[PDB]
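So the protein sequences, as listed, match chains 55, 44, AA and UU.
Going letter by letter, the first sequence gives residues 43 to 206, 237 to 304 in PDB author numbering.
PDB author numbering applies: residue 43 is where the second sequence begins, and numbers increase by one.
Going letter by letter, the third sequence gives residues 6 to 124, 132 to 213, 230 to 269, 288 to 337, 341 to 358, 368 to 430 in PDB author numbering.
PDB author numbering applies: residue 52 is where the fourth sequence begins, and numbers increase by one.
We treat Cβ as the ideally placed atom computed from N, Cα and C, and that holds for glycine.
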Amino acid sequence: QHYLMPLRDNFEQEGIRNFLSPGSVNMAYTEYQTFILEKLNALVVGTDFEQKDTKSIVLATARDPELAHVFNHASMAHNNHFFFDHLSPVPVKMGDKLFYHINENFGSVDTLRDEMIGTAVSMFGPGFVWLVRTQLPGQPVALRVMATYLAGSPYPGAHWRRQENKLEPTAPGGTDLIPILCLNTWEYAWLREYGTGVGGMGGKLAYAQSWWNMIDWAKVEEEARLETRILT
Amino acid sequence: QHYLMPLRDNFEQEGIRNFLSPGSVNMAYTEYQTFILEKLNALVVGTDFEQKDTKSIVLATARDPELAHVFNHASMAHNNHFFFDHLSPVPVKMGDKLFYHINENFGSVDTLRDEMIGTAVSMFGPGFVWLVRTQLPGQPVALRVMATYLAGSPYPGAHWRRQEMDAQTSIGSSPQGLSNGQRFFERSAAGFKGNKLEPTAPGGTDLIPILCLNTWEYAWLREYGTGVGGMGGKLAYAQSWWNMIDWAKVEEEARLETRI
Amino acid sequence: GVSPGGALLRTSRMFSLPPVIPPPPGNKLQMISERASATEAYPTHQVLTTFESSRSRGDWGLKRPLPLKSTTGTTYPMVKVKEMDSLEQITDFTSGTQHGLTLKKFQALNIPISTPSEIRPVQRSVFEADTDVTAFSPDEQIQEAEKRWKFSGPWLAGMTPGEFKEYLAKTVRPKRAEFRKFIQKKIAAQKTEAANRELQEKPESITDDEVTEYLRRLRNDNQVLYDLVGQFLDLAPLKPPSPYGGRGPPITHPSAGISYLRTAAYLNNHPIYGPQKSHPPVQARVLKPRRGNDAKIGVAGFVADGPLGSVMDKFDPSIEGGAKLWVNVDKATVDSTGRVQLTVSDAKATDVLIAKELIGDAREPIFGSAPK
Amino acid sequence: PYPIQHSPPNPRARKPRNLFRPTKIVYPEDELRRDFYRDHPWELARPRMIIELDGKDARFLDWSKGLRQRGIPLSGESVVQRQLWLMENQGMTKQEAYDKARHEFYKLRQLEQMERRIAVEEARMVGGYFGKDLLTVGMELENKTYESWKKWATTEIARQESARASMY
């Protein structure tokens, strides 16, 4: 029985100063997350996934037409909690070691800002925007921006693979990723607070803009693992 | 330029009494349709579609990948208003002819009731649930239910963007996974090469969308809430919607051939 | 005081047609053909469209309706107008799909444009608030001028011997008086530096004596002088003591308004397989094989050099349609002349197989059938 | 009659000619249009319709808001008009106004290109198939044209060979 995890910095009542209000967070995480968990608990009643964590369920019940409802709720619950796990109470400064690598993969912070926010506003269907680190030929430390549509997971295992451990480490043509930062675009997070967005004011765009000023960059750098120049 | 138009029976100022409050309908249609149209106008501000209707844009701007983003807004605006033109201030009594034919294709009015509602929650995504009237050269008129992901056109002239199956969880390694996979590629390969998988009558008369159901989050996330505790939620939204279906108008669009 | 009829024409759609810009610059001393001309590097005339209903009538918002023989039937209606009314009382036009669709092809590659780098790859975006800047102030120091890309003065190394002489005798010679004033402003600030400093622990800038002597002190250090002369004539820096100094400043915007993407640091999520490693491949042609010490290939309308590597060695008449190989576009940039040079890099094997699968022409399907 | 003078006539001319000749119409925009389109030559490949619908397109144009306007597409003209507005109302310089408006033009074009890629990509995640892309179509037409060139080349090649037998 998976229980609701408390928020990182008591945001449930206090709320973010300028990103989201307590009422909005209540419907975004306090209420929505519980809804998914409640429905997820009724699908793994006394089964292998009884004691497994959210991540394990995703990889296990990965792309199975019989476990569709399981993957949906599981993946959504995990991603939702992951998105709220990178929101600092106040605007934190970006570390120098991380500020350097961003300029080597995107050229400037503003470029990354527009690329991440741009991909959000330019997605018709609800999804998540992920900032993942990978290792590519020529760039040991490589940062990329990827979008998972609807409930799709960003982890490599969460995709179809071939045989010959029979399963390969990565999917055909795929690579290994490490989700660092996320951005929930579902209506639950931004609709109530910022509104529909008619007239080009508030809306989903303003939501993403205010999300860039409350990122816990300290934690972003931690999960980046800039020291491990070779990831396998 | 495309401009917003009034609703059927003054739902913008009053809204349906027992289904959607006026405020909810305001944010669902006036404050959303306007947003979509505003984006649509900017896209077709200087193209041949500057004076074409939504449906014409939908069918025309379907196969071409370069204009995929235009299909979404145009199709969404159409389906959205298509979903409001079938409600009624007061519940309407199902027509006899329609009532009979429904049982002949679904077995009962309640059987179809729980199918559409069940299909909605099963999707776990924003989409539109339709009620399509199928017809072939010699086969009698037969009804069926269709699910469209995000913006999906139920018409046969927009088969490219039907979006009836989420490839994420519907294509795995299981026996059904392989089967669904073959169909996915068969359609892509056929469409790309220009081959036609299923013959359709000219004019796109095989399928006629009669009724629709908008399952997007913005529509019901306000009035019915998140749904925690089963009180309200997306489920209740679909249930209450079933009581305001203007069955009279539904019967008219059906155009069932006299067989009683 | 403009008349109402004259106020409508100012904002009319036809009056908005941009002037025919000069053609893509080429070597001033060549043997270009006159009777026959091939497609240009970049478009020179505005491409036009119309409604499907008005096209069936030949109405293109021009002087007269165009003929329906060569204006109807094609999918994309594009046309260029050289003269709205020539001496033959006819609108001298021509198809505009040569450049109109080439822009659409290039925009299907999903590749940004980055500043060239001398030969650790660093693809820096062109649209940035630090480099993409034209406005300036006279008070700005020389260092920031390197960032700029739109210089008012010409490129000395590029100018021909005749153009150089004309420039000197018509742009530089009648500027000595103004240049003397420019120095006075500098010398004026120099006197204030010492004063301001000592005060912690400007003059009228009218001194015709120090100026003459000030230039005699810089005759031993020519570097600092040119640095100063470049600011009064807005010349592009040439000596390293660097950017785009090999071929000079770009006559146009570094992106040349063909692509407005800032970065390509994204991973297209494939439906079935998932997030792919590289970008989808692109099929290209083979032109001028090696056996000319290089091979030319047509990548989406543009011509670029072949990858650094059969097919390229010798020509083969038997191959129907010509030799066509798959290839991945790595980097794209615009040179000084305005051409769009692509750093075409050999593609992988799996990428082509994955990309062909959707097309339905893949011989063997990776999904399912593949046991290993 | 004395035609309308759209530009100050040469005050130095003592014996002017062509007094009854209509003058050229030049606006301040002409200079700006030439500058912009020379900096963005590939902006001319973007088709632009000059077929007026009803002529009432300059009634809803308010350049104080931004580049996006009602009735006209986002093109170089919108940049010029916006540039001219800032240069006059906000007392900006030609270069300063050029920079500001120009930069807004870029951001609007970036999103447009991003939507296309994300549109087709997301569409396939739910079973969406499209037709032949422009790239594939273009290559096909070259095949038909290249094959025609092969035939002509083969014929003329054989012609010269037969024409070479007569030299001896």
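**Asked** Does the beta-carbon distance from residue 311 (chain AA) to residue 293 (chain 55) come in below 8 Å?
**Response** On the third sequence, position 265 is the one that residue 311 (chain AA) refers to. On the first sequence, position 221 is the one that residue 293 (chain 55) refers to. Taking 8 Å as the Cβ cut-off, residue 311 (chain AA) and residue 293 (chain 55) do not qualify as a contacting pair.
**Asked** Can the beta-carbon of residue 129 (chain AA) be found closer than 8 Å to that of residue 184 (chain AA)?
**Response** Not modelled: residue 129 (chain AA), which lies between 124 and 132, the two residues flanking a gap in chain AA.
**Asked** Given a limit of 8 Å on CB to CB distance, which residues of the stretch 70-81 of chain 55 reach chain 44?
**Response** 73, 74, 76, 77 and 80
**Prompt:** What whole-angstrom Cβ distance do residue 153 (chain 55) and residue 76 (chain AA) have, given they're in contact under 8 Å?
**Reply:** For the purposes of this step, residue 153 (chain 55) is taken as the residue at position 111 of the first sequence. For the purposes of this step, residue 76 (chain AA) is taken as the residue at position 71 of the third sequence. Not a contact, Cβ separation roughly 43 Å.
**Asked** residue 134 (chain UU): buried (16+ other C-beta within 10 angstroms of its C-beta) or exposed?
**Response** One-based indexing of the fourth sequence puts residue 134 (chain UU) at position 83. Buried is the call here.
**Prompt:** So, residue 279 (chain 55) versus residue 260 (chain 55), is the Cβ gap smaller than 8 Å?
**Reply:** What you label residue 279 (chain 55) is simply residue 207 of the first sequence in a count that begins at 1. What you label residue 260 (chain 55) is simply residue 188 of the first sequence in a count that begins at 1. Not closer than 8 Å, so no.
**Request:** For residue 134 (chain AA), count neighbouring Cβ atoms within 10 angstroms of its own Cβ and tell me buried if that reaches 16, exposed if not.
**Result:** In the third sequence, counting from the first residue as 1, residue 134 (chain AA) sits at position 122. Under a 10 Å Cβ-count criterion, residue 134 (chain AA) is classified as exposed, with fewer than 16 other Cβ atoms of the shown protein chains found around its own Cβ.
**Prompt:** For residue 146 (chain AA) versus residue 162 (chain AA), is the C-beta distance shorter than 8 Å?
**Reply:** Here residue 146 (chain AA) corresponds to residue number 134 of the third sequence, with the count starting at 1. Here residue 162 (chain AA) corresponds to residue number 150 of the third sequence, with the count starting at 1. Cβ atoms of residue 146 (chain AA) and residue 162 (chain AA): closer than 8 Å.
**Item:** Chain-order list of residues whose beta-carbon lies under 8 Å from that of residue 55 (chain AA) (same chain, five-residue window excluded)
**Value:** Translated into the one-based positions of the third sequence, residue 55 (chain AA) becomes position 50. Excluding positions up to five away in sequence, the list reads 64, 65, 66 and 82.
**Request:** Taking only beta carbons into account, state which residues of the stretch 317-331 of chain AA come closer than 7 Å to chain 55, listed in chain order.
**Result:** Of all residues in the stretch 317-331 of chain AA, 318, 319, 320, 321, 322 and 323 have a Cβ within less than 7 Å of some Cβ in chain 55.
**Item:** Cα-Cα separation between residue 104 (chain UU) and residue 93 (chain 44), rounded to whole angstroms
**Value:** Here residue 104 (chain UU) refers to the residue found at position 53 when the fourth sequence is read from its first residue. Here residue 93 (chain 44) refers to the residue found at position 51 when the second sequence is read from its first residue. Cα-Cα distance, rounded: 10 Å.
**Request:** At 8 Å on the CB atoms, spell out the chain UU contacts of residue 115 (chain AA), in chain order.
**Result:** Within the third sequence, numbered from 1, the residue matching residue 115 (chain AA) stands at position 110. Going along chain UU in sequence order, the residues near residue 115 (chain AA) (Cβ under 8 Å) are 164 and 168.
**Item:** Same chain, Cβ closer than 8 Å to residue 118 (chain 55), five either side skipped, listed in chain order
**Value:** Mapped onto the first sequence, residue 118 (chain 55) falls at position 76. Within the same chain, residue 118 (chain 55) has close Cβ partners 78 and 193.
**Asked** In or out: residue 200 (chain UU) buried (at least 16 other Cβ within 10 Å) or exposed?
**Response** Translated into positions along the fourth sequence, residue 200 (chain UU) becomes position 149. Counting Cβ neighbours within 10 Å, residue 200 (chain UU) comes out exposed, since fewer than 16 surround it.
**Asked** Which residues bound the beta strand (DSSP E) around residue 302 (chain 44)?
**Response** If you number the second sequence from 1, residue 302 (chain 44) lands on position 260. Residue 302 (chain 44) -> no beta strand (DSSP E), and no H or E assigned at all.
**Item:** Distance between residue 104 (chain 55) and residue 216 (chain 44) (C-alpha atoms, nearest Å)
**Value:** To locate residue 216 (chain 44), count along the second sequence from 1; it is residue 174. To locate residue 104 (chain 55), count along the first sequence from 1; it is residue 62. Distance between the alpha carbons of residue 216 (chain 44) and residue 104 (chain 55) is about 12 Å.
**Request:** With a threshold of 16 other CB atoms inside 10 Å of the CB of residue 255 (chain 55), please say whether the residue is buried or exposed.
**Result:** The sequence position of residue 255 (chain 55) within the first sequence is 183, counting from 1. That one is buried.
**Asked** On the premise that residue 106 (chain AA) lies in contact with residue 117 (chain UU), defined as a C-beta separation below 8 Å, what is that separation, rounded to the nearest angstrom?
**Response** Sequence index remark: in the fourth sequence, residue 117 (chain UU) carries index 66 (1-based). Sequence index remark: in the third sequence, residue 106 (chain AA) carries index 101 (1-based). No, residue 117 (chain UU) and residue 106 (chain AA) are not in contact; Cβ-Cβ is about 30 Å, not under 8 Å.
**Message:** Any beta carbon from chain AA within less than 8 Å of residue 189 (chain UU)'s own beta carbon?
**Reply:** Numbered from 1 along the fourth sequence, position 138 holds the residue referred to as residue 189 (chain UU). By this cut-off, residue 189 (chain UU) is an interface position.
**Item:** Check whether residue 85 (chain AA) and residue 52 (chain AA) have beta carbons under 8 Å apart
**Value:** As a first step, residue 85 (chain AA) must be located in the third sequence, where it is residue number 80. As a first step, residue 52 (chain AA) must be located in the third sequence, where it is residue number 47. A contact, by the Cβ cut-off of 8 Å.
**Request:** Determine, using beta carbons only, whether residue 262 (chain AA) comes closer than 8 Å to chain UU.
**Result:** Residue mapping note: residue 262 (chain AA) aligns to position 234 of the third sequence, counting from 1. Taking Cβ atoms only, chain UU never reaches closer than 8 Å to residue 262 (chain AA), which makes this a no.
**Message:** Taking the alpha helix (DSSP H) that residue 251 (chain AA) belongs to, which residues open and close that run?
**Reply:** The sequence position of residue 251 (chain AA) within the third sequence is 223, counting from 1. In the DSSP assignment, residue 251 (chain AA) falls within the unbroken alpha helix (DSSP H) covering 250-261.
**7 Å Cβ shell around residue 340 (chain AA) - same chain, five flanking residues per side excluded** = Shown without residue 340 (chain AA), the model has chain AA running from 337 straight on to 341.
**Prompt:** Closer than 8 Å, CB to CB, is residue 45 (chain 44) near chain 55 or not?
**Reply:** Here the question's residue 45 (chain 44) lines up with position 3 in the second sequence. No, residue 45 (chain 44) does not count as interfacial toward chain 55.
**Asked** In chain AA, which residues lie less than 9 Å from residue 209 (chain 44) when you measure between Cβ atoms?
**Response** Locating residue 209 (chain 44) in the second sequence gives position 167, counting from the first residue. Those within 9 Å of residue 209 (chain 44) in chain AA are 317 and 318.
**Prompt:** Quick one: what's got a C-beta closer than 6 Å to residue 99 (chain 44)'s C-beta in the same chain, skipping five residues either side?
**Reply:** The count along the second sequence starts at 1 and reaches residue 99 (chain 44) at position 57. Same-chain partners within the cutoff: 91 and 116.
**Prompt:** Going by the CB atoms, is the gap between residue 253 (chain 55) and residue 298 (chain 55) shorter than 8 Å?
**Reply:** Taking the first residue of the first sequence as position 1, residue 298 (chain 55) is located at position 226. Taking the first residue of the first sequence as position 1, residue 253 (chain 55) is located at position 181. The answer is no: Cβ separation not under 8 Å.
**Residues bridged to residue 98 (chain AA) [DSSP beta-bridge criterion]** = Within the third sequence, numbered from 1, the residue matching residue 98 (chain AA) stands at position 93. Answer is 86 (chain AA), bridged to residue 98 (chain AA).
**Item:** Alpha carbon of residue 236 (chain AA) to alpha carbon of residue 203 (chain AA), nearest angstrom
**Value:** Position 208 of the third sequence, counting from 1, holds the residue named residue 236 (chain AA). Position 191 of the third sequence, counting from 1, holds the residue named residue 203 (chain AA). Near 15 Å, if we compare the C-alpha coordinates of residue 203 (chain AA) and residue 236 (chain AA).
**Asked** Taking buried to mean at least 16 other C-beta atoms within 10 Å of its own C-beta, is residue 82 (chain 55) buried or exposed?
**Response** Position 40 of the first sequence holds residue 82 (chain 55). By the neighbour-count rule (16 or more Cβ atoms within 10 Å), residue 82 (chain 55) is buried.
**Message:** By DSSP's criteria, residue 403 (chain AA) is part of a beta bridge. Which residues make up the other side?
**Reply:** On the third sequence, residue 403 (chain AA) is found 345 positions in, with the first residue counted as 1. Answer is 386 (chain AA), bridged to residue 403 (chain AA).
**Request:** Tell me whether residue 237 (chain 44) sits in a helix, a strand or coil according to DSSP, three-state version.
**Result:** Position 195 of the second sequence holds residue 237 (chain 44). In the structure shown, residue 237 (chain 44) sits in coil (DSSP, three-state: anything other than H, G, I, E or B).
**Asked** Should residue 74 (chain 44) go down as buried or exposed, given a rule of 16 or more other Cβ atoms within 10 Å for buried?
**Response** In the second sequence, counting from the first residue as 1, residue 74 (chain 44) sits at position 32. With 16 or more Cβ atoms within 10 Å of its Cβ, residue 74 (chain 44) is classed as buried.
**Prompt:** Between the beta-carbon of residue 26 (chain AA) and the beta-carbon of residue 44 (chain AA), is there less than 8 Å?
**Reply:** Walking along the third sequence from the start, residue 26 (chain AA) turns up at place 21. Walking along the third sequence from the start, residue 44 (chain AA) turns up at place 39. Cβ atoms of residue 26 (chain AA) and residue 44 (chain AA): not closer than 8 Å.
**Request:** Since I believe residue 250 (chain 55) is in contact with residue 175 (chain 55) (beta carbons under 8 Å), could you give me their beta-carbon distance rounded to a whole number of angstroms?
**Result:** If you number the first sequence from 1, residue 175 (chain 55) lands on position 133. If you number the first sequence from 1, residue 250 (chain 55) lands on position 178. Sure, about 5 Å apart at Cβ, within 8 Å.
**Request:** Would you identify the three-state DSSP class for residue 152 (chain UU), choosing helix, strand or coil?
**Result:** Numbered from its first residue, the fourth sequence carries residue 152 (chain UU) at position 101. It is helical.
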